[PDB]
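**Q** What follows is a single structure, and I will ask about it in a moment.
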There are 22 protein chains.
Amino acid sequence: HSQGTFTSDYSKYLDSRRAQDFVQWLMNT
Amino acid sequence: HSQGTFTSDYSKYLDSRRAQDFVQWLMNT
Amino acid sequence: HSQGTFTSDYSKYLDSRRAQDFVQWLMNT
Amino acid sequence: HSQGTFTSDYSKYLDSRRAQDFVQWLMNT
Amino acid sequence: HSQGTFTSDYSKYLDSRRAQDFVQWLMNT
Amino acid sequence: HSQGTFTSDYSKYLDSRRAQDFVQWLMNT
Amino acid sequence: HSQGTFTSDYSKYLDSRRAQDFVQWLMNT
Amino acid sequence: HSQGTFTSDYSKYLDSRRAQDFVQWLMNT
Amino acid sequence: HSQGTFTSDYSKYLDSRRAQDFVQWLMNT
Amino acid sequence: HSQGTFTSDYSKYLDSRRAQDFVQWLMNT
Amino acid sequence: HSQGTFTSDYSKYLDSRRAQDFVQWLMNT
Amino acid sequence: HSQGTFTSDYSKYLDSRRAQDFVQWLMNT
Amino acid sequence: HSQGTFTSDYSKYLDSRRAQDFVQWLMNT
Amino acid sequence: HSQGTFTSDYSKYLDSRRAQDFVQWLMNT
Amino acid sequence: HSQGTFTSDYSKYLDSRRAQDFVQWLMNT
Amino acid sequence: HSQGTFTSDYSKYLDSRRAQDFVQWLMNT
Amino acid sequence: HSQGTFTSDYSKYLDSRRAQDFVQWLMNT
Amino acid sequence: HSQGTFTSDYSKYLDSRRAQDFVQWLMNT
Amino acid sequence: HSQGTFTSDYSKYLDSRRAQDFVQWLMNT
Amino acid sequence: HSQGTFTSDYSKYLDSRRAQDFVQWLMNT
Amino acid sequence: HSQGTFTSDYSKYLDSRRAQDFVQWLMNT
Amino acid sequence: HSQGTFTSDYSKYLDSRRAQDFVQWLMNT
């Protein structure tokens with residue numbers, strides 16, 4: 001697990017709507 | 001598991017709608 | 001499992017619609 | 001399983017529509 | 001299973017439509 | 001199974017249409 | 001099964017149409 | 001776990017709507 | 001755990017709506 | 001089965017049309 | 001079965017049309 | 001130019017060294 | 001040029017060394 | 001040029017070394 | 001040039017070494 | 001040139017070494 | 001030239017070594 | 001030249017070694 | 001030249017070694 | 001030359017060794 | 001020359017060894 | 001020359017060995 005990146009998500013929705021809104025800008029000169 | 005990257009997602013929706021909205025920009029000079 | 005990359009997703013939808021919206025730009029000079 | 005890459009997906013939809021929308025650009029000079 | 005790459009997908013749709021939309025560009029100089 | 005690459009897909013559709021749309025470009029100089 | 005590459009697909013459609021659309025370009029110099 | 005980055009999220013919603021709204025801009029010259 | 005970044009969130013909502021509103025701007029010359 | 005490459009496909013369509021569309025280009029110099 | 005390459009396909013269509021469209025180009029210098 | 005993001009940088013150094021040092025952390029729950 | 005993103009950089013160094021050092025972390029739950 | 005993304009870089013170094021160092025992490029749940 | 005993406009780089013080094021170092025991670029659930 | 005993607009690179013090195021180092025990870029669920 | 005993708009690279013090295021190092025991973029579910 | 005894809009590379013090395021190192025993985029479900 | 005794909009490479013090495021190293025994997029389900 | 005695919009390569013090596021190393025896998029279901 | 005596919009290669013090696021190494025797999029179901 | 005496919009190769013080796021190594025597999029169902 002030295003470089004291990006463990007991700008766990010459990011999702012349960014009844015009559016539901018998910019709206020994840022993400023704007024990202026990254027310019028390096 | 002030295003470089004192991006474990007990802008687990010469990011999904012269950014009844015009459016549902018998922019809207020993941022992602023904008024990403026990355027220019028490096 | 002030294003370089004193992006385990007991915008598990010379980011999906012179950014009743015009368016549902018999935019909309020994963022992803023925009024990605026990556027130019028390196 | 002030293003280089004093993006295990007992927008498992010279980011899908012079940014009743015009267016459903018899937019819309020995975022992915023835009024990717026990658027030019028390296 | 002040292003280089004084993006196991007992929008399993010189970011699909012079942014009733015009156016359904018699948019739309020996987022993927023755009024990929026990769027030029028390296 | 002040292003270099004084994006096992007792929008299993010089970011498909012069952014009633015009155016359904018599948019639209020897998022893939023664009024890929026890869027030129028290396 | 002040392003170099004075995006096992007592929008299994010089971011297909012059953014009632015009044016259905018399959019549209020797998022794949023564009024691939026790969027030139028290496 | 002020397003470089004381990006463990007993330008765990010458990011989600012359960014009944015008749016719910018999630019609205020994560022994120023605007024990010026980062027240009028460095 | 002020398003560079004470990006552990007994040008844990010547990011979420012449970014009954015008839016609820018989440019509105020995380022974030023505006024961020026960062027330009028360095 | 002040391003170099004065995006086993007492929008099995010079972011197909012059954014009622015009033016159906018299959019359209020597998022594949023474009024591939026590969027020139028190496 | 002050391003070099004055995006077993007292929008099995010079962011086909012049954014009622015009022016159906018099959019259109020497998022394949023373009024392949026491979027020149028190596 | 002409605003969504004146009006124009007970036008121009010002109011750089012000329014004689015016997016010079018550039019050290020842009022940036023640390024950024026952003027976790028939202 | 002409605003979505004045009006024009007980037008121009010001109011670089012000329014005599015006996016020079018460039019050190020652009022960037023650390024970025026962004027996890028949203 | 002409606003979606004045109006024009007990038008131009010001109011590089012000329014005499015006895016020089018370039019060190020662009022970029023660390024980026026982005027996980028959205 | 002409606003979707004045109006023009007990239008031009010001109011490179012000339014005398015007794016030089018280029019070290020472009022890029023680390024990128026992007027998992028969306 | 002409606003979908004034209006023109007890329008031009010001119011390279012000339014005397015006693016030189018090029019080290020383009022790129023790490024990219026992108027899993028979407 | 002409506003779908004034309006023109007790529008031109010000119011390379012000339014005296015006593016030189018080229019090391020283009022690229023790692024890419026892309027799994028979409 | 002409507003679908004023309006013109007590629008030109010000119011290579012000349014004196015006492016030189018070329019090392020183009022490319023790792024690519026792309027599985028879509 | 002409507003579908004013409006013209007490729008030209010000119011190669012000349014004195015006491016030289018070429019090492020083009022390419023790994024590609026592409027499974028679509 | 002409507003479907004013409006012209007390929008020209010000129011090769012000349014003195015005391016040289018060529019090592020073009022290509023691994024490609026492409027299974028579509 | 002409407003469907004003409006002209007290929008020309010000129011080869012001359014003094015005390016040389018050629019090693020073109022190509023692995024290709026393509027199964028479509 | 002409407003369907004003409006002209007191929008010309010000129011080969012001359014002094015104390016040389018040629019090793020063209022090609023593996024190809026193509027099964028379509």
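Residues in the structure tokens are named by chain (A, B, ... in the order shown) and by number from 1 within that chain; ligands are numbered from 1 in the order shown.
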If we count only C-alpha atoms, what is near region 23-26 of chain H at a cut-off of 6 Å, once residues fewer than 4 positions away on the same chain are taken out, given as a short mmCIF file (atom, residue, chain, number, x, y, z; two decimals) with N, CA and C atoms, in the first residue's frame?

**A**
```
data_model
loop_
_atom_site.label_atom_id
_atom_site.label_comp_id
_atom_site.auth_asym_id
_atom_site.auth_seq_id
_atom_site.Cartn_x
_atom_site.Cartn_y
_atom_site.Cartn_z
N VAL A 23 -16.23 23.77 -12.80
CA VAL A 23 -15.50 24.53 -13.86
C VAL A 23 -14.05 24.72 -13.40
N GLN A 24 -13.08 24.26 -14.20
CA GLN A 24 -11.64 24.37 -13.81
C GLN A 24 -10.81 24.89 -14.99
N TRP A 25 -9.95 25.88 -14.76
CA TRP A 25 -9.04 26.36 -15.83
C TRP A 25 -7.62 26.48 -15.25
N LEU A 26 -6.61 25.96 -15.95
CA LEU A 26 -5.23 25.96 -15.40
C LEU A 26 -4.21 26.07 -16.54
N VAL I 23 -17.01 30.18 -5.37
CA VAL I 23 -16.39 30.97 -6.48
C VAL I 23 -14.93 31.24 -6.10
N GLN I 24 -13.98 30.83 -6.95
CA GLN I 24 -12.53 31.02 -6.64
C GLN I 24 -11.80 31.57 -7.87
N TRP I 25 -10.98 32.61 -7.69
CA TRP I 25 -10.15 33.13 -8.81
C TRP I 25 -8.72 33.33 -8.32
N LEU I 26 -7.72 32.86 -9.07
CA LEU I 26 -6.31 32.95 -8.60
C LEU I 26 -5.37 33.10 -9.80
N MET I 27 -4.97 34.33 -10.12
CA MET I 27 -3.99 34.54 -11.22
C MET I 27 -2.73 35.16 -10.62
#
```

**Q** Report as a list in words all protein, DNA and RNA residues lying within 7 Å of residue 2 (chain E), evaluated on only C-alpha atoms, omitting residues in the same chain fewer than 5 positions from it.

**A**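 Counting only C-alpha atoms, the residues come to residues 1, 2, 3 and 4 of chain D; 2 and 3 of chain F.
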
**Q** Give me the least-squares superposed chain L (reference chain O; all C-alpha atoms paired in order) as an mmCIF file with N, CA, C and O atoms, in the first residue's frame.

**A**
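The result, written out as superposed_30.cif:
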```
data_model
loop_
_atom_site.group_PDB
_atom_site.id
_atom_site.type_symbol
_atom_site.label_atom_id
_atom_site.label_comp_id
_atom_site.auth_asym_id
_atom_site.auth_seq_id
_atom_site.Cartn_x
_atom_site.Cartn_y
_atom_site.Cartn_z
ATOM 1 N N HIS L 1 -11.005 25.341 -41.337
ATOM 2 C CA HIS L 1 -10.293 25.471 -40.035
ATOM 3 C C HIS L 1 -11.324 25.546 -38.908
ATOM 4 O O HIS L 1 -10.947 25.990 -37.807
ATOM 5 N N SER L 2 -12.558 25.102 -39.161
ATOM 6 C CA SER L 2 -13.635 25.246 -38.144
ATOM 7 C C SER L 2 -13.281 24.476 -36.869
ATOM 8 O O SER L 2 -13.464 25.037 -35.775
ATOM 9 N N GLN L 3 -12.780 23.246 -37.005
ATOM 10 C CA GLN L 3 -12.347 22.469 -35.814
ATOM 11 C C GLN L 3 -10.820 22.360 -35.836
ATOM 12 O O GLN L 3 -10.273 21.518 -35.098
ATOM 13 N N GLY L 4 -10.159 23.183 -36.655
ATOM 14 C CA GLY L 4 -8.697 23.062 -36.796
ATOM 15 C C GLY L 4 -7.967 23.307 -35.489
ATOM 16 O O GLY L 4 -8.302 24.287 -34.805
ATOM 17 N N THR L 5 -6.998 22.450 -35.161
ATOM 18 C CA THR L 5 -6.174 22.636 -33.938
ATOM 19 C C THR L 5 -4.718 22.676 -34.400
ATOM 20 O O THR L 5 -4.099 21.599 -34.474
ATOM 21 N N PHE L 6 -4.200 23.865 -34.710
ATOM 22 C CA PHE L 6 -2.834 23.945 -35.295
ATOM 23 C C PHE L 6 -1.791 24.066 -34.181
ATOM 24 O O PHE L 6 -1.911 24.985 -33.352
ATOM 25 N N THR L 7 -0.808 23.163 -34.164
ATOM 26 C CA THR L 7 0.288 23.248 -33.161
ATOM 27 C C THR L 7 1.628 23.350 -33.893
ATOM 28 O O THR L 7 1.895 22.478 -34.740
ATOM 29 N N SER L 8 2.437 24.367 -33.583
ATOM 30 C CA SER L 8 3.787 24.461 -34.196
ATOM 31 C C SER L 8 4.854 24.654 -33.116
ATOM 32 O O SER L 8 4.703 25.586 -32.307
ATOM 33 N N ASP L 9 5.884 23.806 -33.101
ATOM 34 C CA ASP L 9 7.014 24.005 -32.153
ATOM 35 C C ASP L 9 8.322 23.922 -32.942
ATOM 36 O O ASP L 9 8.470 22.972 -33.728
ATOM 37 N N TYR L 10 9.231 24.879 -32.746
ATOM 38 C CA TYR L 10 10.555 24.808 -33.419
ATOM 39 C C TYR L 10 11.611 24.652 -32.324
ATOM 40 O O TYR L 10 11.640 25.504 -31.424
ATOM 41 N N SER L 11 12.441 23.608 -32.396
ATOM 42 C CA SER L 11 13.409 23.352 -31.296
ATOM 43 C C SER L 11 14.846 23.281 -31.815
ATOM 44 O O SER L 11 15.080 22.578 -32.815
ATOM 45 N N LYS L 12 15.770 23.974 -31.146
ATOM 46 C CA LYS L 12 17.203 23.917 -31.532
ATOM 47 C C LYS L 12 18.049 24.069 -30.266
ATOM 48 O O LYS L 12 17.925 25.113 -29.601
ATOM 49 N N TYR L 13 18.834 23.040 -29.926
ATOM 50 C CA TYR L 13 19.642 23.055 -28.680
ATOM 51 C C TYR L 13 21.089 22.717 -29.032
ATOM 52 O O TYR L 13 21.301 21.698 -29.714
ATOM 53 N N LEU L 14 22.049 23.448 -28.465
ATOM 54 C CA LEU L 14 23.478 23.076 -28.643
ATOM 55 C C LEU L 14 24.001 22.639 -27.270
ATOM 56 O O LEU L 14 23.963 23.476 -26.349
ATOM 57 N N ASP L 15 24.443 21.384 -27.133
ATOM 58 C CA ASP L 15 24.939 20.859 -25.829
ATOM 59 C C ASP L 15 23.873 21.081 -24.751
ATOM 60 O O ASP L 15 24.222 21.655 -23.703
ATOM 61 N N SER L 16 22.629 20.652 -24.991
ATOM 62 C CA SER L 16 21.528 20.967 -24.040
ATOM 63 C C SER L 16 20.766 19.718 -23.577
ATOM 64 O O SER L 16 20.912 18.670 -24.210
ATOM 65 N N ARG L 17 20.015 19.829 -22.475
ATOM 66 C CA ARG L 17 19.201 18.692 -21.964
ATOM 67 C C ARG L 17 17.804 19.206 -21.593
ATOM 68 O O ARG L 17 17.727 20.221 -20.879
ATOM 69 N N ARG L 18 16.742 18.533 -22.058
ATOM 70 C CA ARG L 18 15.351 18.975 -21.759
ATOM 71 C C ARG L 18 14.749 18.033 -20.710
ATOM 72 O O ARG L 18 14.895 16.810 -20.872
ATOM 73 N N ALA L 19 14.123 18.587 -19.667
ATOM 74 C CA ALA L 19 13.518 17.755 -18.602
ATOM 75 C C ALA L 19 12.095 18.239 -18.301
ATOM 76 O O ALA L 19 11.930 19.010 -17.337
ATOM 77 N N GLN L 20 11.112 17.798 -19.091
ATOM 78 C CA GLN L 20 9.699 18.166 -18.823
ATOM 79 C C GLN L 20 9.145 17.125 -17.848
ATOM 80 O O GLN L 20 9.006 15.957 -18.257
ATOM 81 N N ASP L 21 8.827 17.536 -16.609
ATOM 82 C CA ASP L 21 8.363 16.591 -15.547
ATOM 83 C C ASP L 21 6.890 16.835 -15.195
ATOM 84 O O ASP L 21 6.589 17.847 -14.480
ATOM 85 N N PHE L 22 6.015 15.898 -15.585
ATOM 86 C CA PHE L 22 4.554 16.101 -15.399
ATOM 87 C C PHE L 22 3.895 14.949 -14.628
ATOM 88 O O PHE L 22 3.990 13.800 -15.101
ATOM 89 N N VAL L 23 3.245 15.242 -13.495
ATOM 90 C CA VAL L 23 2.455 14.221 -12.737
ATOM 91 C C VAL L 23 0.981 14.648 -12.765
ATOM 92 O O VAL L 23 0.694 15.776 -12.322
ATOM 93 N N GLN L 24 0.089 13.785 -13.264
ATOM 94 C CA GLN L 24 -1.357 14.132 -13.355
ATOM 95 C C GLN L 24 -2.217 12.974 -12.841
ATOM 96 O O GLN L 24 -1.964 11.829 -13.257
ATOM 97 N N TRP L 25 -3.197 13.260 -11.982
ATOM 98 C CA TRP L 25 -4.139 12.202 -11.521
ATOM 99 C C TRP L 25 -5.569 12.742 -11.620
ATOM 100 O O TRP L 25 -5.786 13.890 -11.191
ATOM 101 N N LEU L 26 -6.495 11.967 -12.197
ATOM 102 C CA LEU L 26 -7.882 12.470 -12.398
ATOM 103 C C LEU L 26 -8.872 11.306 -12.317
ATOM 104 O O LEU L 26 -9.062 10.628 -13.338
ATOM 105 N N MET L 27 -9.488 11.101 -11.151
ATOM 106 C CA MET L 27 -10.528 10.046 -11.030
ATOM 107 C C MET L 27 -11.859 10.721 -10.689
ATOM 108 O O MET L 27 -11.895 11.483 -9.706
ATOM 109 N N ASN L 28 -12.902 10.454 -11.475
ATOM 110 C CA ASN L 28 -14.235 11.060 -11.226
ATOM 111 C C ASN L 28 -15.230 9.928 -10.966
ATOM 112 O O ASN L 28 -15.246 8.971 -11.759
ATOM 113 N N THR L 29 -16.033 10.036 -9.905
ATOM 114 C CA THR L 29 -16.988 8.950 -9.556
ATOM 115 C C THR L 29 -18.423 9.475 -9.684
ATOM 116 O O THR L 29 -18.631 10.448 -10.406
#
```

**Q** If DSSP is run on the backbone, what residues of chain I are strand (DSSP E)? A reply as a list in words would be ideal.

**A** residues 7, 8, 9, 10, 11, 12, 13, 14, 17, 18, 19, 20, 21, 22, 23, 24, 25, 26, 27 and 28 of chain I

**Q** For the residues in that selection, give me N, CA and C atoms as a PDB file, in the first residue's frame.

**A**
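What follows is the written file out.pdb:
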```
ATOM      1  N   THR I   7      -9.219  11.340   4.156  1.00  0.00           N
ATOM      2  CA  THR I   7     -10.473  12.139   4.191  1.00  0.00           C
ATOM      3  C   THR I   7     -11.660  11.196   4.400  1.00  0.00           C
ATOM      4  N   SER I   8     -12.493  11.451   5.414  1.00  0.00           N
ATOM      5  CA  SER I   8     -13.711  10.622   5.605  1.00  0.00           C
ATOM      6  C   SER I   8     -14.949  11.511   5.741  1.00  0.00           C
ATOM      7  N   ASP I   9     -15.982  11.269   4.931  1.00  0.00           N
ATOM      8  CA  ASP I   9     -17.257  12.019   5.085  1.00  0.00           C
ATOM      9  C   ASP I   9     -18.406  11.009   5.115  1.00  0.00           C
ATOM     10  N   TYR I  10     -19.318  11.129   6.080  1.00  0.00           N
ATOM     11  CA  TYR I  10     -20.502  10.232   6.112  1.00  0.00           C
ATOM     12  C   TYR I  10     -21.738  11.105   5.899  1.00  0.00           C
ATOM     13  N   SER I  11     -22.561  10.795   4.894  1.00  0.00           N
ATOM     14  CA  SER I  11     -23.713  11.681   4.577  1.00  0.00           C
ATOM     15  C   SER I  11     -25.036  10.914   4.598  1.00  0.00           C
ATOM     16  N   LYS I  12     -26.052  11.470   5.263  1.00  0.00           N
ATOM     17  CA  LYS I  12     -27.395  10.837   5.288  1.00  0.00           C
ATOM     18  C   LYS I  12     -28.448  11.944   5.359  1.00  0.00           C
ATOM     19  N   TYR I  13     -29.299  12.046   4.332  1.00  0.00           N
ATOM     20  CA  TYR I  13     -30.315  13.129   4.267  1.00  0.00           C
ATOM     21  C   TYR I  13     -31.683  12.499   4.008  1.00  0.00           C
ATOM     22  N   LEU I  14     -32.716  12.952   4.720  1.00  0.00           N
ATOM     23  CA  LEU I  14     -34.096  12.495   4.414  1.00  0.00           C
ATOM     24  C   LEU I  14     -34.861  13.710   3.878  1.00  0.00           C
ATOM     25  N   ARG I  17     -31.840  18.853   0.535  1.00  0.00           N
ATOM     26  CA  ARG I  17     -31.151  19.394  -0.669  1.00  0.00           C
ATOM     27  C   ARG I  17     -29.832  20.049  -0.237  1.00  0.00           C
ATOM     28  N   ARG I  18     -28.717  19.720  -0.903  1.00  0.00           N
ATOM     29  CA  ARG I  18     -27.394  20.295  -0.536  1.00  0.00           C
ATOM     30  C   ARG I  18     -27.005  21.344  -1.584  1.00  0.00           C
ATOM     31  N   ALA I  19     -26.564  22.526  -1.143  1.00  0.00           N
ATOM     32  CA  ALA I  19     -26.172  23.602  -2.083  1.00  0.00           C
ATOM     33  C   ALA I  19     -24.817  24.189  -1.675  1.00  0.00           C
ATOM     34  N   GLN I  20     -23.717  23.545  -2.078  1.00  0.00           N
ATOM     35  CA  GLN I  20     -22.368  24.089  -1.783  1.00  0.00           C
ATOM     36  C   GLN I  20     -22.014  25.048  -2.922  1.00  0.00           C
ATOM     37  N   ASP I  21     -21.914  26.357  -2.631  1.00  0.00           N
ATOM     38  CA  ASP I  21     -21.662  27.393  -3.678  1.00  0.00           C
ATOM     39  C   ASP I  21     -20.270  28.018  -3.516  1.00  0.00           C
ATOM     40  N   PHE I  22     -19.358  27.703  -4.443  1.00  0.00           N
ATOM     41  CA  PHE I  22     -17.949  28.160  -4.307  1.00  0.00           C
ATOM     42  C   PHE I  22     -17.459  28.926  -5.542  1.00  0.00           C
ATOM     43  N   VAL I  23     -17.014  30.177  -5.369  1.00  0.00           N
ATOM     44  CA  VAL I  23     -16.389  30.967  -6.478  1.00  0.00           C
ATOM     45  C   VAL I  23     -14.927  31.236  -6.101  1.00  0.00           C
ATOM     46  N   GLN I  24     -13.975  30.826  -6.946  1.00  0.00           N
ATOM     47  CA  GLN I  24     -12.530  31.020  -6.642  1.00  0.00           C
ATOM     48  C   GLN I  24     -11.797  31.569  -7.869  1.00  0.00           C
ATOM     49  N   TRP I  25     -10.978  32.610  -7.690  1.00  0.00           N
ATOM     50  CA  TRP I  25     -10.153  33.131  -8.814  1.00  0.00           C
ATOM     51  C   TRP I  25      -8.718  33.333  -8.318  1.00  0.00           C
ATOM     52  N   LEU I  26      -7.721  32.859  -9.070  1.00  0.00           N
ATOM     53  CA  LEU I  26      -6.310  32.950  -8.599  1.00  0.00           C
ATOM     54  C   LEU I  26      -5.371  33.098  -9.798  1.00  0.00           C
ATOM     55  N   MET I  27      -4.975  34.330 -10.123  1.00  0.00           N
ATOM     56  CA  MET I  27      -3.993  34.535 -11.219  1.00  0.00           C
ATOM     57  C   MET I  27      -2.732  35.164 -10.621  1.00  0.00           C
ATOM     58  N   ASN I  28      -1.571  34.551 -10.855  1.00  0.00           N
ATOM     59  CA  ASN I  28      -0.293  35.084 -10.317  1.00  0.00           C
ATOM     60  C   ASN I  28       0.621  35.410 -11.501  1.00  0.00           C
TER      61      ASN I  28
END
```
